[PDB]
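Data from structure-v1.pdb: PDB, C-alpha atoms (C1' of nucleotides)
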```
ATOM      1  CA  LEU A1081       0.000   0.000   0.000
ATOM      2  CA  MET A1082       1.385   3.373  -1.019
ATOM      3  CA  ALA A1083       1.017   4.568   2.581
ATOM      4  CA  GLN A1084       1.699   2.819   5.856
ATOM      5  CA  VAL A1085      -0.812   1.772   8.505
ATOM      6  CA  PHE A1086      -1.008   2.236  12.242
ATOM      7  CA  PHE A1087      -1.270  -1.245  13.668
ATOM      8  CA  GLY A1088      -1.411  -2.883  17.069
ATOM      9  CA  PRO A1089      -3.447  -4.527  19.806
ATOM     10  CA  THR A1090      -6.139  -2.634  21.670
ATOM     11  CA  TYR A1091      -8.625  -3.570  24.373
ATOM     12  CA  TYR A1092     -12.097  -3.881  22.855
ATOM     13  CA  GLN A1093     -15.237  -4.865  24.735
ATOM     14  CA  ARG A1094     -18.521  -6.135  23.352
ATOM     15  CA  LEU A1095     -21.760  -4.395  24.292
ATOM     16  CA  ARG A1096     -25.213  -5.663  25.174
ATOM     17  CA  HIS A1097     -27.015  -4.177  22.160
ATOM     18  CA  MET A1098     -26.939  -7.167  19.855
ATOM     19  CA  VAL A1099     -28.839  -6.708  16.618
ATOM     20  CA  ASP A1100     -31.126  -9.712  17.074
ATOM     21  CA  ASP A1101     -32.476  -8.088  20.240
ATOM     22  CA  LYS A1102     -33.647  -5.073  18.211
ATOM     23  CA  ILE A1103     -34.744  -6.384  14.810
ATOM     24  CA  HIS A1104     -38.520  -6.408  14.503
ATOM     25  CA  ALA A1105     -41.282  -6.345  11.895
ATOM     26  CA  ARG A1106     -45.080  -6.370  11.954
ATOM     27  CA  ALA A1107     -47.380  -7.222   9.063
ATOM     28  CA  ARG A1108     -50.464  -7.739  11.252
ATOM     29  CA  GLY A1109     -51.340  -8.984  14.699
ATOM     30  CA  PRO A1110     -52.699  -8.131  18.131
ATOM     31  CA  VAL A1111     -54.521  -4.845  18.605
ATOM     32  CA  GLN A1112     -55.330  -2.931  21.766
ATOM     33  CA  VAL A1113     -58.808  -3.810  22.972
ATOM     34  CA  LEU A1114     -59.721  -0.232  23.865
ATOM     35  CA  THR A1115     -58.721   1.409  20.577
ATOM     36  CA  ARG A1116     -58.460  -1.532  18.151
ATOM     37  CA  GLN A1117     -54.939  -0.350  17.279
ATOM     38  CA  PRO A1118     -51.695  -2.352  17.167
ATOM     39  CA  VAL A1119     -50.237  -3.071  20.597
ATOM     40  CA  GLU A1120     -46.983  -1.537  21.837
ATOM     41  CA  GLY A1121     -43.707  -3.368  22.338
ATOM     42  CA  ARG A1122     -41.374  -5.538  20.312
ATOM     43  CA  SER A1123     -41.985  -8.545  22.553
ATOM     44  CA  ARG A1124     -45.690  -8.463  21.597
ATOM     45  CA  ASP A1125     -45.257  -7.786  17.873
ATOM     46  CA  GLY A1126     -45.785  -4.104  18.520
ATOM     47  CA  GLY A1127     -46.339  -1.534  15.807
ATOM     48  CA  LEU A1128     -44.190   1.434  14.900
ATOM     49  CA  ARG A1129     -45.589   4.774  16.014
TER      50      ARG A1129
ATOM     51  CA  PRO B 244     -71.543   1.238  26.156
ATOM     52  CA  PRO B 245     -68.970  -1.271  27.418
ATOM     53  CA  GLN B 246     -66.707  -0.527  24.446
ATOM     54  CA  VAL B 247     -65.905   2.932  25.789
ATOM     55  CA  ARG B 248     -65.137   1.385  29.198
ATOM     56  CA  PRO B 249     -63.995  -2.180  28.531
ATOM     57  CA  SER B 250     -63.347  -4.605  31.369
ATOM     58  CA  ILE B 251     -59.627  -5.061  31.976
ATOM     59  CA  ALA B 252     -58.233  -8.523  32.736
ATOM     60  CA  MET B 253     -55.716  -8.332  35.579
ATOM     61  CA  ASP B 254     -54.864 -12.047  35.202
ATOM     62  CA  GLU B 255     -56.747 -14.220  32.711
ATOM     63  CA  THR B 256     -60.039 -15.062  34.423
ATOM     64  CA  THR B 257     -60.228 -12.200  36.925
ATOM     65  CA  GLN B 258     -61.396  -9.052  35.134
ATOM     66  CA  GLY B 259     -61.170  -5.690  36.860
ATOM     67  CA  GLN B 260     -63.699  -2.887  36.603
ATOM     68  CA  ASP B 261     -62.574   0.080  34.552
ATOM     69  CA  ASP B 262     -62.540   3.300  36.545
ATOM     70  CA  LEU B 263     -65.525   4.534  34.545
ATOM     71  CA  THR B 264     -67.500   1.487  35.660
ATOM     72  CA  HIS B 265     -66.809   2.207  39.331
ATOM     73  CA  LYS B 266     -67.628   5.879  38.886
ATOM     74  CA  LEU B 267     -70.892   5.203  37.063
ATOM     75  CA  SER B 268     -71.957   2.625  39.639
ATOM     76  CA  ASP B 269     -71.157   5.062  42.453
ATOM     77  CA  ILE B 270     -73.171   7.817  40.790
ATOM     78  CA  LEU B 271     -76.017   5.342  40.363
ATOM     79  CA  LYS B 272     -75.888   4.444  44.052
ATOM     80  CA  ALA B 273     -75.863   8.107  45.060
ATOM     81  CA  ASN B 274     -78.771   8.907  42.741
ATOM     82  CA  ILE B 275     -80.790   6.062  44.228
ATOM     83  CA  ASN B 276     -79.879   7.358  47.686
ATOM     84  CA  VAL B 277     -81.241  10.833  46.968
ATOM     85  CA  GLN B 278     -84.407   9.170  45.692
ATOM     86  CA  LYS B 279     -84.694   7.482  49.104
ATOM     87  CA  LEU B 280     -84.289  10.533  51.362
ATOM     88  CA  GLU B 281     -87.559  12.210  50.380
ATOM     89  CA  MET B 282     -89.656   9.212  51.438
ATOM     90  CA  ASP B 283     -88.388   9.483  55.033
ATOM     91  CA  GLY B 284     -86.741  11.887  57.464
ATOM     92  CA  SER B 285     -84.766  14.312  55.303
ATOM     93  CA  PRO B 286     -83.883  17.152  57.701
ATOM     94  CA  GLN B 287     -82.585  19.571  55.063
ATOM     95  CA  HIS B 288     -79.021  18.667  56.075
ATOM     96  CA  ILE B 289     -78.865  15.066  54.953
ATOM     97  CA  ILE B 290     -80.403  16.369  51.728
ATOM     98  CA  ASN B 291     -77.762  19.068  51.324
TER      99      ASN B 291
ATOM    100  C1'   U C   1     -62.690 -29.614  10.933
ATOM    101  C1'   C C   2     -61.675 -24.852   9.210
ATOM    102  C1'   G C   3     -61.466 -21.872  13.248
ATOM    103  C1'   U C   4     -58.203 -20.142  17.060
ATOM    104  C1'   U C   5     -57.393 -15.805  21.639
ATOM    105  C1'   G C   6     -53.276 -13.346  25.837
ATOM    106  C1'   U C   7     -53.747  -7.433  30.846
ATOM    107  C1'   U C   8     -53.492  -3.193  32.622
ATOM    108  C1'   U C   9     -51.200   0.157  35.644
ATOM    109  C1'   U C  10     -47.415   2.778  37.225
ATOM    110  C1'   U C  11     -42.169   3.352  38.312
ATOM    111  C1'   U C  12     -37.236   2.403  36.759
ATOM    112  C1'   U C  13     -32.556   1.891  34.306
ATOM    113  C1'   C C  14     -31.230   2.305  29.344
ATOM    114  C1'   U C  15     -30.590   3.231  23.411
ATOM    115  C1'   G C  16     -30.215   7.311  19.186
TER     116        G C  16
END
```
What would the structure in this file look like if it were written as structure tokens?
Amino acid sequence: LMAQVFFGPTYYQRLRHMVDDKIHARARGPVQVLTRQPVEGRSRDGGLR
Amino acid sequence: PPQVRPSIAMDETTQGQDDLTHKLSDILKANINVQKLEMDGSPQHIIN
RNA sequence: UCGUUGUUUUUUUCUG
């Protein structure tokens, strides 16, 4: 490579925010009884606001 | 109707009364109570 | 034998 590269070890730590814990999609599903609207929360197949 | 004040379900079988249900039932009790003062001793202070 | 339903209420610590 025409230029050089900084290079070395460094202390890296993983973090709790894994992607699979955030991915989510809703085509249809449960709706709030009161308003007949999609429920809230990823864990319940919520709907985006 | 019930739709406006649906019955919540605290845990499966046991369904709690929406606040509106309690309030309406209390107003109904009070209204009956006023209807019952006139037929007996109503010393203008129980009425008030 | 298709059908087939799953709580609220607050508070909290977090993410951009």
* Report as a list in words the full result of the PyMOL selection byres ((chain B) within 12 of (chain A)) when it is applied to this structure. => residues 245, 246, 247, 248, 249, 250, 251, 252 and 261 of chain B
Could you turn the residues from that selection into a file that holds C-alpha atoms, as a PDB file, in the coordinates of the input?
```pdb
ATOM      1  CA  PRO B 245     -68.970  -1.271  27.418  1.00  0.00           C
ATOM      2  CA  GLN B 246     -66.707  -0.527  24.446  1.00  0.00           C
ATOM      3  CA  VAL B 247     -65.905   2.932  25.789  1.00  0.00           C
ATOM      4  CA  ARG B 248     -65.137   1.385  29.198  1.00  0.00           C
ATOM      5  CA  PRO B 249     -63.995  -2.180  28.531  1.00  0.00           C
ATOM      6  CA  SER B 250     -63.347  -4.605  31.369  1.00  0.00           C
ATOM      7  CA  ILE B 251     -59.627  -5.061  31.976  1.00  0.00           C
ATOM      8  CA  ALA B 252     -58.233  -8.523  32.736  1.00  0.00           C
ATOM      9  CA  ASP B 261     -62.574   0.080  34.552  1.00  0.00           C
TER      10      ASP B 261
END
```
* Pull out every residue of chain C sitting within 12 Å of chain B, counting all atoms listed in the file, and send them as a ChimeraX atom specification. => /C:5-9
* To do: Could the residues of chain A within 12 Å of chain C, counting only C-alpha atoms (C1' of nucleotides), be given as number ranges by chain, please?
  => A: 1095-1098, 1101-1102, 1109-1114, 1119, 1124
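The space between atom CA of residue A:1107 and atom CA of residue A:1121 spans 14.3 Å.
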* How far is it from atom CA of residue B:276 to atom CA of residue B:244, in Å with one decimal? ->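 Atom CA of residue B:244 lies 23.9 Å from atom CA of residue B:276.
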Quick one: 3 Å padding each side, axis-aligned, all listed atoms of stretch 259-276 of chain B - centre and edge lengths in Å to one decimal, as JSON?
```
{"center_x": -71.0, "center_y": 1.6, "center_z": 41.1, "size_x": 25.6, "size_y": 20.6, "size_z": 19.1}
```
* Asked: Between atom CA of residue B:290 and atom CA of residue B:267, what is the spacing in Å?
  ->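 It comes out at 20.7 Å.
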* Asked: What does the PyMOL selection byres ((chain A and resi 1129) around 12) select in this file, as a list in words?
  ->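 With the shown file as input, the PyMOL selection byres ((chain A and resi 1129) around 12) matches residues 1106, 1117, 1118, 1119, 1120, 1121, 1122, 1126, 1127 and 1128 of chain A.
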